[PDB]
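Reviewing the structure listed below.
Here the Cβ positions follow ideal geometry from the backbone for every residue, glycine too, while neighbour counts run over all protein chains shown. Quick note: the coordinates plus some simple rules give every number you see, no bench work behind them.
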Amino acid sequence: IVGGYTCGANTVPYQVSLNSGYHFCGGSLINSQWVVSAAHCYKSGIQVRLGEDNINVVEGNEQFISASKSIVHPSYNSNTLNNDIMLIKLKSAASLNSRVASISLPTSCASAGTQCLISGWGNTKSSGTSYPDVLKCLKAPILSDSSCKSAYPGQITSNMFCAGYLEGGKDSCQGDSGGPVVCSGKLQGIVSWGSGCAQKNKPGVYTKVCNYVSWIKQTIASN
Ligand SMILES: [Ca+2]
């Protein structure tokens, strides 16, 4: 997260870190057994880390639970990033309390102008590299479909939305991928892609979670 703020420990209780020996992507806990992330974050051997603030220090609220199964969206296209969503099942159920909690799925799609909370452990610089150890947060609005398409001609599908600031300086970034965009207490987006980070006229692009609620529910119900 570039141009954000330190969230505070366990203030984003649905945020998870996906770990394969190291943090590599975010995700969102949607029930005791299941995490939403980006399909482009897929790999084998994932350990889901819940209750994290500093990802390099054991602070006392963590739950580390290996994944049993990952399910990339049936129509994920890694070239275009269309349908950039996957589900990860935990080998055992997480213990839920105020520091580790699921986030609700949306019942309707959010609108341009709505304020959301984007979070993650990704790079905090737009030029060069600095990774935080504690969770960063950014409040940002959803942008109009027209301004999103004008920013990224030929690239924005109906399964994507832009959020952030066209002036630059505030955005998600590498290492945030797969993490949440939460608006009015609902998971509306997944950190997906963008041109660089925090660049002028290059806002963040997010997977539009409301399009996937029926797939998510039916997949969980049978897996
Ligand atoms: Ca920790």
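Assorted remarks:
- Test: residue in region 90-99 that is more than 16 Å from the ligand (Cβ to nearest atom), hydrophobic (A, V, I, L, M, F, W, C), over 27 Å from residue 196 (Cα atoms) and touching a residue at least 60 places away in the same chain (Cβ under 8 Å): yes
Every residue, every condition in (1) surrounded by fewer than 24 Cβ atoms within 10 Å (Cβ to Cβ); (2) in contact with a helix residue (DSSP H, G or I) (Cβ under 7 Å, 6 or more places away or on another chain); (3) part of a loop (DSSP other than H, G, I, E, B); (4) not small (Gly, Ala, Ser), yes or no:
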position: 125; (1), (2), (3), (4): yes, no, yes, yes
position: 132; (1), (2), (3), (4): yes, no, yes, yes
position: 168; (1), (2), (3), (4): yes, no, yes, no
position: 181; (1), (2), (3), (4): no, no, no, yes
position: 190; (1), (2), (3), (4): no, yes, no, yes
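- Residue within region 100-108 that is within 25 Å of residue 221 (Cα to Cα), more than 16 Å from the ligand (Cβ to nearest atom) and more than 16 Å from the chain's Cα centre (by Cα) present: yes
- The strands (runs of 3 or more DSSP E) falling completely within region 1-92 that include 2 or more residues that are in contact with a helix residue (DSSP H, G or I) (Cβ under 9 Å, 6 or more places away or on another chain) map to 23-31, 34-37, 63-72, 86-90.
- Counting the residues of region 25-70 that are out of contact with any strand residue (DSSP E or B) (no Cβ under 6 Å at 6 or more places or on another chain), within 16 Å of the ligand (Cβ to nearest atom) and in contact (Cβ under 8 Å) with a residue 60 or more places away in the chain gives 4.
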